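Undergrad: To start, I am sharing the structure in question, which I have written as structure tokens.
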Amino acid sequence: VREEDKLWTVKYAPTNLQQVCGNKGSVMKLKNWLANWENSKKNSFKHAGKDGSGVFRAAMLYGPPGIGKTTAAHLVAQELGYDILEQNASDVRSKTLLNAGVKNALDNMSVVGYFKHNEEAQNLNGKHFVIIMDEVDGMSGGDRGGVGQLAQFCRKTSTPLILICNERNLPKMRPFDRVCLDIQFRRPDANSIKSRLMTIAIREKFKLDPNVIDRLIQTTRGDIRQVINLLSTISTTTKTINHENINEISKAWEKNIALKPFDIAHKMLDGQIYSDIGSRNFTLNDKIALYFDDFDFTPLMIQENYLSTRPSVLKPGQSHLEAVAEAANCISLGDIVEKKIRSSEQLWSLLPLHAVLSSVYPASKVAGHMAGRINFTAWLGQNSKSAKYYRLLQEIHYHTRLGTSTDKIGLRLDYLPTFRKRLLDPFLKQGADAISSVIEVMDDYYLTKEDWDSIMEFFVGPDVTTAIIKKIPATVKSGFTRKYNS
Amino acid sequence: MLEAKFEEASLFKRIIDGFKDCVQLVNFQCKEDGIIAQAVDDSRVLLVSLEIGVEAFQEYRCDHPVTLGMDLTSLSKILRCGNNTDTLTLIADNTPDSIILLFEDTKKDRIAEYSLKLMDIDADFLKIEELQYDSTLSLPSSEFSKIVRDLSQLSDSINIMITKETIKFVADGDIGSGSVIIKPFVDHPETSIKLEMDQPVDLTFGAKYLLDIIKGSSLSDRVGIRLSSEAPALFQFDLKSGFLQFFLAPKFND
Amino acid sequence: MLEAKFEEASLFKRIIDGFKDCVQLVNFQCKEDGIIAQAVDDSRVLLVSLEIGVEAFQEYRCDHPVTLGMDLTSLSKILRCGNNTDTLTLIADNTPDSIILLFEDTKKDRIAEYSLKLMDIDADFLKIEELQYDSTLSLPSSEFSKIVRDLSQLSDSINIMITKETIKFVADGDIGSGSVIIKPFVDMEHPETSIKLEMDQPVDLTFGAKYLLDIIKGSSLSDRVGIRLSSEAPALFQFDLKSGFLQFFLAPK
Amino acid sequence: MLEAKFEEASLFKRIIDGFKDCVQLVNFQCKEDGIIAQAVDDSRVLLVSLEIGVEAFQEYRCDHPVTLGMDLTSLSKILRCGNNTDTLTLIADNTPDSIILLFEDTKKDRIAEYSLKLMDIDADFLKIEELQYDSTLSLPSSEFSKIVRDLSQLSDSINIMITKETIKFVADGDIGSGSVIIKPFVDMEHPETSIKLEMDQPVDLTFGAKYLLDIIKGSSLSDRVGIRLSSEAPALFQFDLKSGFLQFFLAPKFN
Amino acid sequence: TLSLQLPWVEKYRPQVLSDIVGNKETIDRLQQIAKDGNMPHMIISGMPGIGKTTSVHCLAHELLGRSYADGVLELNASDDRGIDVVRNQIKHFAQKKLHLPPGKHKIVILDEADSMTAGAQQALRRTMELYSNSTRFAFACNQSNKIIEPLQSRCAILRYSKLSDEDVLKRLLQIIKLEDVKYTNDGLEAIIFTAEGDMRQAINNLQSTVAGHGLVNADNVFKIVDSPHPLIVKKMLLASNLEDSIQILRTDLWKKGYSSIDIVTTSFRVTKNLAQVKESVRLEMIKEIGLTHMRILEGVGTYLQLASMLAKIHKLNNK
DNA sequence: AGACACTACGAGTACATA
DNA sequence: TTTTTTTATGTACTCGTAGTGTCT
Ligand SMILES: Nc1ncnc2c1ncn2[C@@H]1O[C@H](COP(=O)(O)OP(=O)(O)OP(O)(O)=S)[C@@H](O)[C@H]1O
Ligand SMILES: Nc1ncnc2c1ncn2[C@@H]1O[C@H](COP(=O)(O)OP(=O)(O)OP(O)(O)=S)[C@@H](O)[C@H]1O
Ligand SMILES: [Mg+2]
Ligand SMILES: [Mg+2]
């Protein structure tokens with residue numbers, strides 16, 4: 001092996017913790033967490049401490065790629081005497097063999113730490129393992145991939161567990177919410193990377209000035225690996241870099257990453273984009289690509305927060321209400337288009353049209369400043385709640401079908417306003433001696449206690465029984481529960 | 001260069017088949033004394049050592065101790081093509097980039113020359129130290145294999161209890177438990193059980209590693225089992241000129 | 001209390017292999033006169049009834065009717081430890097929590113022990129009806145498994161016809177047709193292979209192919225099988241080795 | 001009306017199993033001299049030509065030339081429905097449709113009647129290839145199948161080279177390379193293990209691994225297989241049966 | 001007829017980085033890289049037919065010399081490139097031992113990298129990270145957004161642009177000089193006009209015109225290759241009077257056999273990529289075109305629907 | 001005669017869709 | 001600042017009982 005055969009990112013890789021750039025707080029927190037790991041296992045993780053690290057036996061590092069998560073993890077692993085072990089998605093990771101291996105390795109000692117050196121007074125921890133998992137977000141979605149298996153692994157283990165992923169808040173990563181201590185590595189500061197670039201430039205005889213690293217890391221968006229690769233790629237031809245050719249370099253190395261459904265909502269509802277000047281800079285093709293970055297949450301977010309802005313593109317003689325009405329009309333048209341898309345015939349070739357009608361046109365109608373905060377779309381939770389209520393109403397209707405002889409909606413609209421007066425009202429106006437009447441009325445339609453509980457949740461407006469059931473004396477409720485349980 | 005001629009290719013075939021389900025990349029160091037191969041498991045739990053002496057080859061040749069990085073899957077693919085009655089010859093030239101395998105038939109002149117590309121195994125060579133063992137026993141390899149195959153069907157943890165000249169193999173799983181009791185009986189005089197017990201030892205191993213070790217139950221008739229309370233247990237299969245050893249680390253004796 | 005010393009582990013292995021993929025979790029009801037096992041699938045077409053008497057054991061002893069719940073997969077997992085030269089001994093106590101299985105070898109230096117944790121399952125009531133069957137046939141079990149697995153390839157509906165003292169197995173698929181015709185045969189040199197047929201009225205029914213495929217799995221128990229066909233009651237499929245027997249009650253469509 | 005009766009019912013099974021994987025549909029031409037069949041692979045890389053004379057048929061009656069187009073994944077299922085000591089009977093009416101198979105046991109009394117719906121295959125298959133080859137060799141079928149299955153694991157292309165009394169099978173892949181070299185010898189103690197080779201000019205051409213693995217599936221028919229190679233000509237892999245033959249015309253890969 | 005000749009795109013496919021008339025900056029960059037060595041991981045993105053696959057092929061050839069056969073691993077979209085392949089074959093090639101000069105490295109060329117699955121792309125990260133001192137990765141794709149950001153973070157990004165008129169004209173003149181073809185200025189102009197920055201399509205049209213008529217003239221080029229589809233659609237949409245747009249749609253598009261689906265899709269794409277008119281009128285035209293497309297997809301695709309779409313577009317443009 | 005490595009075809013589970 | 005939205009075929013993975021050629 002020679003020197004010119006490795007990339008600049010490998011020959012300038014950090015050899016110790018004192019050369020990492022930025023995120024000093026995170027690396028110190030993880031170092032303290034790994035240091036007190038045996039102090040945490042000797043008392044079974046009950047004492048968390050002042051740092052709050054010690055109750056969780058696993059640590060999950062999450063942040064953008066290329067900021068030094070894996071590097072810092074490996075560095076602290078070699079520095080604290082822990083015998084390092086790495087396994088990731090590049091190797092086979094399933095529910096069958098990965099689970100078996102990790103289970104056999106959670107409370108087994110290392111032979112490498114035993115045979116290498118075990119006689120000097122270095123540490124009693126060399127016999128231990130540190131299972132460092134990389135690309136945790138790269139596993140398969142289902143349980144067969146091993147994400148839930150690893151989540152359960154982070155609950156029962158005698159060796160420190162280190163998890164490293166690039167994307168944290170994902171559905172697949174939901175089980176890791178309350179099981180492992182979360183550490184977030186953030187965008188590094190400009191000074192440390194500036195000094196590192198100064199050093200790596202003076203070492204390679206690369207002419208470079210301090211005025212350009214700011215724009216460089218701005219267009220790179222906090223990625224030291226990409227910056228190093230950029231310098232290694234362009235330093236071979238252009239020996240001296242300055243403020244003359246930096247424009248072409250920034251335009252050719254623009255990081256094209258898809259935005260989250262929250263930044264997409266900010267860019268869509270930005271009034272400067274739709275101005276006469278901003279139109280010829282962020283063209284309509286870019287606006288459609290914005291929606292195509294995430295075409296599942298963009299229309300919902302747009303419909304949620306299109307009427308929560310202050311418009312700055314109002315035509316002369318048009319109020320905010322008119323623009324909101326036109327935006328809602330286009331939202332309805334885009335909804336019709338989406339229904340035509342995600343139905344039979346699979347008219348997916350209409351996806352670009354759904355880009356304009358659902359997101360682009362309503363946002364353009366009410367583009368401007370953001371008044372409050374970008375609120376997440378509540379249509380998902382409302383749909384889930386409506387589905388649960390529909391399932392409950394279906395159970396109630398199929399229980400009462402033997403007597404009602406009506407439909408689901410016909411039972412919800414008209415029958416429930418009378419079932420409320422029949423079941424619950426005798427409890428408020430008669431006391432605890434009206435239990436038998438309610439029991440007979442419920443058995444007349446084969447109702448259950450769970451059905452009685454679910455019935456009182458359908459009413460709204462001036463009839464909210466959530467406090468009426470609490471106003472009922474607890475004696476009557478206990479007597480009813482005991483009577484129905486006999 | 002190097003030119004090592006085997007007696008029967010089946011010997012090397014069984015040798016590779018013994019420890020090919022635990023490790024994948026192995027460094028074979030060939031010196032004037034013979035072949036030495038140490039391989040760490042991907043989980044760094046089970047270390048495999050293998051020694052083949054100069055008196056196990058029909059003809060041995062070596063001008064310099066050379067390391068060969070081999071993938072056991074491709075090596076098994078190459079060795080599977082041979083028959084039981086051929087002479088196997090490993091050949092390596094200067095600047096080793098590949099290894100040649102000659103399968104020469106004895107009743108004909110049909111020669112089968114295969115090539116196997118070497119790998120870059122950036123692994124450090126460690127040192128193996130022999131120490132006193134509190135218990136050292138021997139028993140037929142097939143019987144131990146069947147005990148492991150019977151106990152692994154309940155759990156992945158096997159508790160070994162050597163106490164009062166009795167061997168206790170315990171498997172505590174989800175659906176019941178399993179126990180196997182062994183008393184040393186020295187009688188055929190070859191299928192006996194030779195056991196020396198100094199200290200009563202209590203260890204716990206992984207059933208998967210035990211299965212991967214007993215998969216090599218074709219190189220000998222019995223297994224040499226050496227136990228230690230603070231050292232990894234030694235499972236040995238003896239050869240005509242070498243051995244195949246597994247240094248399996250016990251679990252946490254909390 | 002319950003201590004049953006089996007003649008050979010292979011016998012219990014086969015009697016369990018008879019119905020591996022039929023049911024999962026069942027309750028063996030054990031009494032003094034023998035052990036009965038009743039199982040019902042989810043599709044409500046087959047009724048697995050296994051009866052093993054005391055004369056099938058080299059030693060069976062019990063003094064209290066008890067119930068032993070267990071899964072079949074774990075049962076086969078424990079039986080996989082068995083060999084060809086060891087006998088099984090089942091031990092159960094007054095508090096059913098775990099069955100203790102002792103594998104004993106003729107050499108008294110190697111004894112094996114295993115345990116099986118019980119599960120609680122809602123048992124079903126015994127179906128021992130003797131409703132009159134139209135026709136009754138007896139065919140070698142291997143030949144019946146062969147013809148069933150052969151006709152299962154063409155169509156998923158096997159038609160059985162008993163007419164003019166001729167048994168007809170038809171399978172009309174989409175690629176073609178299948179019709180195996182057999183006649184009653186009585187053999188005097190080998191009294192295990194014979195086509196016995198007793199007919200009172202012509203029979204013509206249809207059955208599911210995978211159901212017969214699940215039934216023929218018990219061919220390892222007996223050398224021949226008895227099939228009783230009826231036009232108004234579930235057909236009976238009966239295997240018997242020497243004294244312990246197994247029956248499938250298939251409800252025809 | 002086609003009426004054929006085989007001596008052993010398993011010969012037809014072993015014959016159809018040869019085409020089961022490498023050929024999807026077949027068109028049997030039945031005449032007064034025997035049954036011929038020619039089929040082309042889905043990828044059109046190999047051509048199967050089976051010929052079975054009236055010597056194999058214990059009984060044979062062909063009033064007029066009959067064309068039976070059928071599928072093999074169903075004919076194999078119909079054939080597996082038979083028995084090892086049974087006899088097979090093929091029946092076809094005057095107009096070819098719904099061919100009938102009859103399995104009859106010779107030890108007991110048993111009749112298994114199966115039907116197979118014909119299919120109208122417009123493509124005719126009557127081509128015959130009779131041209132001299134550059135090399136003609138003959139070797140045991142098991143010895144050739146072993147080399148094929150052993151070299152198929154190394155790569156997807158197997159190169160055959162015929163030189164002056166030398167037959168070389170080379171396979172170069174990503175995990176390594178390999179080459180089996182054999183010489184034509186004459187074995188007096190057993191004639192079915194000898195290797196014959198008559199060459200006119202050296203030959204060097206490659207095949208794919210999948211088709212070569214599918215071809216050797218017919219090794220269960222005869223104990224010796226012949227290989228005819230020529231300069232850019234369909235290689236002839238022939239298994240000779242006591243009443244005819246099965247020949248695979250394999251197309252090499254251009255270099 | 002017995003055999004054919006090699007096409008001019010394959011016959012005159014560049015084998016040296018100097019013969020590439022593509023983007024000069026990246027070409028000189030790759031030339032200096034092949035001269036000095038130490039080739040890093042790279043991802044080349046762009047449009048079809050601009051010299052992406054040829055560029056990486058030339059780079060690998062010049063960098064490996066005679067060791068190209070045993071040091072370069074080519075994987076196209078025609079081969080399986082799933083998680084299993086990346087796990088086994090790519091890792092075995094990266095771990096393979098090979099004695100190379102002290103300035104070269106093993107190259108893994110992955111054509112059509114935008115088609116690899118997410119699992120394979122995720123597994124390739126550590127595969128290219130642990131063997132970055134003896135194995136280098138070169139991806140060639142059309143959409144860099146289809147490749148995950150972790151993979152893009154470990155490599156250089158080379159965005160190839162369209163070929164200007166001068167470069168394609170120079171390459172066609174070189175090909176004509178090497179082939180002794182009779183041509184004319186207007187014929188080459190029509191060829192370049194119908195090429196639209198596509199060098200492969202330009203050479204293909206040139207060879208087809210040569211083999212069909214012999215003389216490369218604008219009349220022959222136009223009679224063998226129709227005018228570009230989006231330009232007639234743009235001229236139809238940008239019409240000032242309704243009758244002109246209707247006559248254009250009737251004669252140029254409908255009377256020549258262009259399907260209504262293709263017409264409405266081209267109209268949508270042109271209105272999306274239009275820059276002559278404002279944003280609001282463009283959005284309204286896109287809305288009307290989508291309303292028409294919703295009827296075209298339902299099987300109501302006729303000339304009357306396109307005429308009504310043009311009438312509605314003109315009514316929108318009618319203030 | 002038989003046991004079990006090798007293996008290939010079948011049900012399950014998700015993941016995109018310009 | 002936070003998690004689901006039908007049907008429809010193409011694509012990719014895995015475990016999986018299964019069918020058959022091979023080894024103590
Ligand atoms: N803070 C840093 N200071 C200096 N070099 C760094 C830093 N972070 C990353 N690097 C360089 O980037 C290389 C790769 O670092 P990694 O830790 O592997 O990146 P990462 O943050 O783990 O993101 P991944 O690998 O895509 S999940 C290192 O070898 C260094 O050369
Ligand atoms: N810069 C160029 N100079 C000369 N010929 C070129 C150039 N670019 C393309 N060609 C020709 O076009 C042919 C195909 O080029 P490719 O590199 O395969 O196209 P591409 O840019 O890779 O786009 P793809 O493959 O459709 S994604 C080559 O064989 C050449 O004949
Ligand atoms: Mg990392
Ligand atoms: Mg290309």
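For the structure tokens, the naming scheme is as follows: chains receive sequential letters (A, B, ...) according to their order of presentation, residues are indexed from 1 within each chain, and ligands are indexed from 1 in presentation order.
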Could the residues of chain E that have an atom at most 9 Å from ligand 4 be listed as a Markdown table, each with its closest atom pair and the distance in Å to one decimal, counting only C-alpha atoms and all ligand atoms and ordered by chain and ascending residue number?
TA:
```
| residue | atom | partner | partner_atom_place_in_ligand_line | distance |
| --- | --- | --- | --- | --- |
| E:48 | CA | ligand 4 | 1 (Mg) | 7.3 |
| E:49 | CA | ligand 4 | 1 (Mg) | 7.5 |
| E:51 | CA | ligand 4 | 1 (Mg) | 7.8 |
| E:52 | CA | ligand 4 | 1 (Mg) | 6.3 |
| E:53 | CA | ligand 4 | 1 (Mg) | 4.4 |
| E:54 | CA | ligand 4 | 1 (Mg) | 7.3 |
| E:76 | CA | ligand 4 | 1 (Mg) | 8.8 |
| E:111 | CA | ligand 4 | 1 (Mg) | 6.4 |
| E:112 | CA | ligand 4 | 1 (Mg) | 7.1 |
| E:140 | CA | ligand 4 | 1 (Mg) | 7.3 |
| E:141 | CA | ligand 4 | 1 (Mg) | 8.0 |
```
Undergrad: Okay, now the selection with N, CA and C atoms, as a PDB file, in the first residue's frame?
TA:
```pdb
ATOM      1  N   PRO E  48     -29.698  11.017 -22.292  1.00  0.00           N
ATOM      2  CA  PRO E  48     -29.266   9.928 -23.175  1.00  0.00           C
ATOM      3  C   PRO E  48     -28.542  10.443 -24.410  1.00  0.00           C
ATOM      4  N   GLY E  49     -27.471   9.741 -24.772  1.00  0.00           N
ATOM      5  CA  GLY E  49     -26.745  10.042 -25.996  1.00  0.00           C
ATOM      6  C   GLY E  49     -25.905  11.300 -25.952  1.00  0.00           C
ATOM      7  N   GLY E  51     -22.465  10.843 -24.361  1.00  0.00           N
ATOM      8  CA  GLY E  51     -21.121  10.377 -24.086  1.00  0.00           C
ATOM      9  C   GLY E  51     -20.837  10.136 -22.618  1.00  0.00           C
ATOM     10  N   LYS E  52     -21.719   9.400 -21.945  1.00  0.00           N
ATOM     11  CA  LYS E  52     -21.511   9.047 -20.544  1.00  0.00           C
ATOM     12  C   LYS E  52     -20.897   7.656 -20.409  1.00  0.00           C
ATOM     13  N   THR E  53     -21.502   6.660 -21.059  1.00  0.00           N
ATOM     14  CA  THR E  53     -20.967   5.303 -21.009  1.00  0.00           C
ATOM     15  C   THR E  53     -19.633   5.214 -21.742  1.00  0.00           C
ATOM     16  N   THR E  54     -19.534   5.874 -22.899  1.00  0.00           N
ATOM     17  CA  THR E  54     -18.272   5.890 -23.632  1.00  0.00           C
ATOM     18  C   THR E  54     -17.176   6.575 -22.829  1.00  0.00           C
ATOM     19  N   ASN E  76     -24.505  -3.983 -16.086  1.00  0.00           N
ATOM     20  CA  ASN E  76     -25.499  -3.137 -16.724  1.00  0.00           C
ATOM     21  C   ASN E  76     -26.871  -3.407 -16.110  1.00  0.00           C
ATOM     22  N   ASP E 111     -23.598   0.524 -15.109  1.00  0.00           N
ATOM     23  CA  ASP E 111     -24.410   1.273 -16.053  1.00  0.00           C
ATOM     24  C   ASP E 111     -25.870   1.278 -15.609  1.00  0.00           C
ATOM     25  N   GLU E 112     -26.538   2.405 -15.863  1.00  0.00           N
ATOM     26  CA  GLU E 112     -27.927   2.610 -15.452  1.00  0.00           C
ATOM     27  C   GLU E 112     -28.080   2.445 -13.942  1.00  0.00           C
ATOM     28  N   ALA E 140     -23.069   5.362 -13.855  1.00  0.00           N
ATOM     29  CA  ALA E 140     -23.515   6.117 -15.020  1.00  0.00           C
ATOM     30  C   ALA E 140     -25.034   6.068 -15.067  1.00  0.00           C
ATOM     31  N   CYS E 141     -25.675   7.215 -14.849  1.00  0.00           N
ATOM     32  CA  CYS E 141     -27.126   7.274 -14.756  1.00  0.00           C
ATOM     33  C   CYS E 141     -27.632   8.491 -15.518  1.00  0.00           C
TER      34      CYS E 141
END
```
Undergrad: Compile the contact shell of segment 37-46 of chain C as a PyMOL selection string: residues with an atom at most 10 Å away, counting only C-alpha atoms (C1' of nucleotides), same-chain residues fewer than 2 positions apart removed.
TA: chain C and resi 19+22-30+35+48-52+67-68+123-127+208+211-212+214-215+234-236+246-253
Undergrad: Grab the residues selected above and save them as a compact mmCIF listing (two decimals), in the first residue's frame with C-alpha atoms.
TA:
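Full text of result_6.txt as output:
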```txt
# COMPACT_ATOMS: atom_id res chain seq x y z
CA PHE C 19 -51.25 -35.83 11.22
CA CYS C 22 -53.53 -31.25 9.95
CA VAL C 23 -53.82 -29.58 13.38
CA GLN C 24 -51.48 -27.55 15.57
CA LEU C 25 -52.62 -27.42 19.23
CA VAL C 26 -54.67 -30.29 20.67
CA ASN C 27 -55.61 -31.94 23.97
CA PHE C 28 -54.75 -35.62 24.45
CA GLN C 29 -57.36 -37.05 26.84
CA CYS C 30 -55.72 -39.96 28.68
CA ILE C 35 -55.63 -42.51 25.05
CA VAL C 48 -59.12 -36.42 13.33
CA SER C 49 -59.81 -39.19 15.86
CA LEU C 50 -56.81 -41.14 17.19
CA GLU C 51 -57.36 -44.03 19.62
CA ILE C 52 -54.50 -46.01 21.19
CA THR C 67 -55.90 -34.05 29.94
CA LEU C 68 -52.57 -33.12 28.30
CA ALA C 123 -61.24 -29.31 23.58
CA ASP C 124 -64.04 -30.62 21.36
CA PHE C 125 -66.61 -33.29 22.13
CA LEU C 126 -66.09 -36.82 20.82
CA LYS C 127 -67.67 -37.80 17.48
CA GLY C 208 -61.43 -32.12 -2.07
CA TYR C 211 -58.22 -33.17 2.05
CA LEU C 212 -57.35 -36.62 0.68
CA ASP C 214 -53.86 -34.67 4.18
CA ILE C 215 -55.55 -38.01 4.93
CA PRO C 234 -69.13 -37.94 6.25
CA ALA C 235 -66.91 -40.55 4.64
CA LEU C 236 -64.59 -42.50 6.94
CA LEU C 246 -56.67 -43.27 13.35
CA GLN C 247 -59.81 -42.04 11.59
CA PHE C 248 -60.66 -39.10 9.36
CA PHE C 249 -64.32 -38.04 8.97
CA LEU C 250 -64.55 -36.01 5.75
CA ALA C 251 -67.82 -34.13 5.25
CA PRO C 252 -68.61 -34.23 1.51
CA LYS C 253 -69.99 -31.21 -0.32
```
Undergrad: With a distance threshold of 6 Å and counting only C-alpha atoms, extract the residues of chain E near chain A and express them as a ChimeraX atom specification.
TA: /E:38,123,133,150,153,290
Undergrad: How would you write, as a list in words, the set of residues in segment 185-222 of chain C that DSSP gives as strand (DSSP E)?
TA: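 Of segment 185-222 of chain C, only residues 196, 197, 198, 199, 203, 204, 205, 206, 207 and 208 of chain C fall in strand (DSSP E).
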Undergrad: Go ahead and save the residues from that selection, with N, CA and C atoms, as a CSV table (one decimal), in the first residue's frame.
TA:
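New file part.csv:
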```
chain,number,residue,atom,x,y,z
C,196,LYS,N,-60.6,-55.0,-1.3
C,196,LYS,CA,-61.9,-55.5,-0.7
C,196,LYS,C,-63.0,-54.5,-1.0
C,197,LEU,N,-64.2,-55.0,-1.4
C,197,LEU,CA,-65.3,-54.1,-1.7
C,197,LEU,C,-66.6,-54.7,-1.3
C,198,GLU,N,-67.4,-54.0,-0.5
C,198,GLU,CA,-68.7,-54.5,-0.1
C,198,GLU,C,-69.7,-53.3,-0.4
C,199,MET,N,-70.6,-53.5,-1.4
C,199,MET,CA,-71.5,-52.5,-1.9
C,199,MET,C,-72.9,-52.9,-1.6
C,203,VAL,N,-72.7,-45.6,-5.2
C,203,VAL,CA,-72.2,-44.4,-4.6
C,203,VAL,C,-71.6,-43.5,-5.6
C,204,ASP,N,-71.8,-42.2,-5.5
C,204,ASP,CA,-71.2,-41.2,-6.4
C,204,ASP,C,-71.0,-39.9,-5.6
C,205,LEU,N,-69.8,-39.6,-5.2
C,205,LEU,CA,-69.5,-38.4,-4.4
C,205,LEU,C,-68.3,-37.7,-5.0
C,206,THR,N,-68.1,-36.4,-4.5
C,206,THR,CA,-67.0,-35.6,-4.8
C,206,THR,C,-66.3,-35.2,-3.5
C,207,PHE,N,-64.9,-35.1,-3.6
C,207,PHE,CA,-64.2,-34.7,-2.4
C,207,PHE,C,-63.0,-33.8,-2.8
C,208,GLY,N,-62.5,-33.0,-1.8
C,208,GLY,CA,-61.4,-32.1,-2.1
C,208,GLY,C,-60.1,-32.9,-2.2
```
Undergrad: Against ligand 3, which residues of chain E fall within 12 Å? For each one I want the closest pair of atoms and the distance in Å (one decimal), counting only C-alpha atoms and all ligand atoms, rows by chain and increasing residue number, as a tab-separated table.
TA:
```
residue	atom	partner	partner_atom_place_in_ligand_line	distance
E:122	CA	ligand 3	1 (Mg)	11.2
E:123	CA	ligand 3	1 (Mg)	11.9
E:125	CA	ligand 3	1 (Mg)	8.5
E:126	CA	ligand 3	1 (Mg)	8.0
E:127	CA	ligand 3	1 (Mg)	11.7
E:128	CA	ligand 3	1 (Mg)	11.8
E:129	CA	ligand 3	1 (Mg)	9.1
E:130	CA	ligand 3	1 (Mg)	11.0
E:150	CA	ligand 3	1 (Mg)	8.7
E:151	CA	ligand 3	1 (Mg)	10.9
E:153	CA	ligand 3	1 (Mg)	10.8
E:154	CA	ligand 3	1 (Mg)	10.5
```
